[PDB]
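Residue numbers (PDB author numbering): 2 to 382.
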Amino acid sequence: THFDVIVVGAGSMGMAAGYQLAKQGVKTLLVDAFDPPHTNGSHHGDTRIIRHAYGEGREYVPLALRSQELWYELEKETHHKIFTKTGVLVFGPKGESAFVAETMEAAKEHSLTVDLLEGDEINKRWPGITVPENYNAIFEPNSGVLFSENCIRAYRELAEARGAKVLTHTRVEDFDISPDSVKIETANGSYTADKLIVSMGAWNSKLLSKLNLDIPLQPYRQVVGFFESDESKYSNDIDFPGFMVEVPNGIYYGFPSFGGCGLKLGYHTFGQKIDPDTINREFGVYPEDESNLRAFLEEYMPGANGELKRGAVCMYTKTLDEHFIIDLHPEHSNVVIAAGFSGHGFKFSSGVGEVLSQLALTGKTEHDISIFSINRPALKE
Ligand SMILES: *Cc1cc2c(cc1C)nc1c(=O)[nH]c(=O)nc-1n2C[C@H](O)[C@H](O)[C@H](O)COP(=O)(O)OP(=O)(O)OC[C@H]1O[C@@H](n2cnc3c(N)ncnc32)[C@H](O)[C@@H]1O
Ligand SMILES: O=C(O)[C@H]1CCCN1
Ligand SMILES: [Cl-]
């Protein structure tokens with residue numbers, strides 16, 4: 002019940018941190034409210050996009066590239082499938098998309114490998130896409146799709162084999178922080194360590210107040226749907242890409258069909274404000290769930306608009322500036338916080354696990370994480 006490090010929340014970020022700590026022989030306890038991977042947090046629905054040319058900001062590119070190399074390393078270490086190089090297509094109306102423009106600027110700044118296309122060039126290259134002639138695109142061939150549940154399961158199995166312990170179905174209810182130690186309280190007992198990593202996903206919005214932190218964090222209910230599609234156009238086997246696109250009523254993202262699962266789509270810039278303990282996790286309970294998806298499909302990917310095969314309900318946790326929080330607690334250098342991933346953190350989770358392990362062990366990281374500071378002005382109302 003004493004450890005070197007305790008990770009609270011063994012999800013996307015926490016489980017990666019656990020792997021990085023265990024690989025260094027650091028005796029780690031991970032505590033999760035469920036049994037990860039699971040369907041109650043932010044990491045299910047099978048698949049996640051990884052992009053390198055980064056439309057949310059060119060400053061994420063180093064972490065994206067480091068994370069990509071870590072995912073290739075993970076592929077080699079496990080029998081679970083980690084990554085498929087689908088490429089990622091980004092498109093939008095010419096001159097009317099900040100996301101597209103920043104994606105292009107990031108690629109230029111970092112000498113990333115991309116193709117530039119416009120109008121009917123897009124429809125011709127990828128049968129099944131129907132964009133207007135005034136749309137332009139940037140395609141990144143060497144990014145792709147992560148199997149997110151498999152990533153967390155592989156990190157867990159590898160960490161446990163090296164002696165990490167995973168206490169499941171155990172909610173942390175409170176914390177007690179001292180100068181020279183950390184303590185968590187649960188119904189199944191209290192545990193102590195030298196250092197704490199706090200990575201509770203959407204529950205960071207509810208429980209960071211138990212560490213005397215007051216940070217705006219808003220959970221959002223974000224659905225995805227898998228649709229019966231024309232496999233001769235939308236299969237990964239015919240090189241249909243992953244995508245993240247801007248259109249006049251917002252940003253949508255999606256995935257090619259893998260083994261006939263259907264094209265998967267989500268709507269990024271809308272979701273319901275929720276609390277993670279009362280969210281309705283059934284797909285289709287609000288009319289928007291299915292209708293906002295088919296509105297996009299009928300316009301832009303009309304042969305991927307068949308029967309709904311599967312739906313899922315997941316959560317984002319947004320900061321006011323939609324940048325992450327990765328830092329030491331301002332009052333407690335033995336406490337590390339990972340929060341506020343704002344709907345775009347999974348791809349970085351391998352690199353973030355490395356950052357969190359460095360912060361926990363040394364109070365520093367070799368990564369540049371200034372944009373993720375817990376003290377920055379734009380976090381606050
Ligand atoms: C929901 C979603 C997210 C998403 C996305 C599509 C959807 C529908 N598409 C993405 C994409 O294509 N590419 C990408 O890079 N990101 C994408 N995202 C976002 C991403 O999935 C999230 O940013 C990321 O998963 C956040 O990870 P985090 O580690 O913060 O969250 P988590 O995996 O849910 O893990 C939190 C864990 O904490 C446990 N927990 C909660 N409360 C407690 C307490 N009290 N005690 C102990 N454990 C606790 C949870 O159970 C969970 O396992
Ligand atoms: O993180 C990404 O790549 C996009 C996909 C959906 C949400 N954010
Ligand atoms: Cl998130």
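The C-beta atom is built at its ideal place from N, Cα and C for all residues, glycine as well.
Distance between residue j and residue i (C-alpha atoms, nearest Å)
i                 : j                 : result
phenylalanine 373 : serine 233        : 43 Å
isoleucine 370    : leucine 64        : 9 Å
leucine 298       : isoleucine 130    : 9 Å
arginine 163      : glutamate 74      : 17 Å
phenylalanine 259 : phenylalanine 84  : 12 Å
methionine 201    : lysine 166        : 17 Å
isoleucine 280    : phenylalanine 100 : 29 Å
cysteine 152      : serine 350        : 9 Å
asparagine 137    : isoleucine 216    : 38 Å
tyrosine 55       : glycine 190       : 43 Å
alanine 102       : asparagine 335    : 40 Å
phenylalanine 271 : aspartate 181     : 44 Å
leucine 321       : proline 220       : 12 Å
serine 98         : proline 249       : 9 Å
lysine 28         : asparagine 143    : 36 Å
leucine 362       : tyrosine 192      : 18 Å
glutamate 158     : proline 94        : 45 Å
Three-way DSSP call (helix, strand, coil) for residue i in this model
i              : result
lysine 125     : helix
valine 146     : strand
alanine 188    : coil
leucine 360    : helix
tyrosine 55    : coil
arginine 295   : helix
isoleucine 83  : coil
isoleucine 375 : coil
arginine 172   : coil
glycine 96     : coil
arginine 49    : strand
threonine 193  : strand
residue 1      : Lying before the first or after the last residue shown, residue 1 is absent from the chain, which here runs from 2 to 382.
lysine 109     : helix
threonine 29   : strand
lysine 365     : coil
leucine 117    : strand
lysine 381     : coil
Buried or exposed (CB count within 10 angstroms, at least 16 for buried), residue i
i             : result
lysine 274    : exposed
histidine 324 : buried
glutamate 134 : exposed
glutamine 69  : buried
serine 343    : buried
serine 210    : exposed
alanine 108   : buried
Next item on the list: At 4 residues or longer, and completely inside the region 216-275: list those alpha helix (DSSP H) runs for me, N to C.
Entry: Annotation: the region 216-275 contains the following complete segments of the alpha helix (DSSP H) (minimum length 4 residues), in chain order: 232-235.
Margin query: Can you confirm whether the region 282-297 touches the region 216-226 when touching is taken to mean that 3 or more C-beta pairs between the two stretches lie within less than 8 Å?
Written below: Contact holds between the region 216-226 and the region 282-297, because three or more Cβ pairs, one in each stretch, are under 8 Å apart.
Margin query: Using 8 Å as the cut-off, can you tell me whether the region 5-24 makes contact with the region 103-123, which would need three or more C-beta pairs spanning the two stretches below that distance?
Written below: Verdict: no, contact absent.
Item checked: Segment contact, 8 Å Cβ cut-off, at least three pairs: the region 37-53 with the region 179-196 -> Between the region 37-53 and the region 179-196, the count of Cβ pairs shorter than 8 Å is below three; the stretches do not touch.
Notebook entry, point to check: Is the region 67-78 close to the region 231-250, with three or more CB pairs under 8 Å?
Noted result: A contact is defined here as three or more CB-CB pairs under 8 Å, and the region 67-78 fails this definition with respect to the region 231-250.
Margin query: Threshold first: 3 residues or longer. Then list the beta strand (DSSP E) segments lying entirely within the region 272-356, N to C.
Written below: The beta strand (DSSP E) runs lying completely inside the region 272-356 and spanning 3 residues or more are 309-319, 326-330, 333-340, given in chain order.
Note to self: Check whether the region 32-41 and the region 110-118 touch, using three or more Cβ-Cβ pairs below 8 Å as the test.
What the structure shows: With a cut-off of 8 Å on Cβ pairs, the region 32-41 is not in contact with the region 110-118, counting fewer than three such pairs.
Check: Where the beta carbon is closer than 6 Å to any heavy atom of ligand 4, which residues qualify, in chain order?
Finding: Annotation note on ligand 4: not contained in the displayed structure, which lists ligand 1, ligand 2 and ligand 3 as its ligands.
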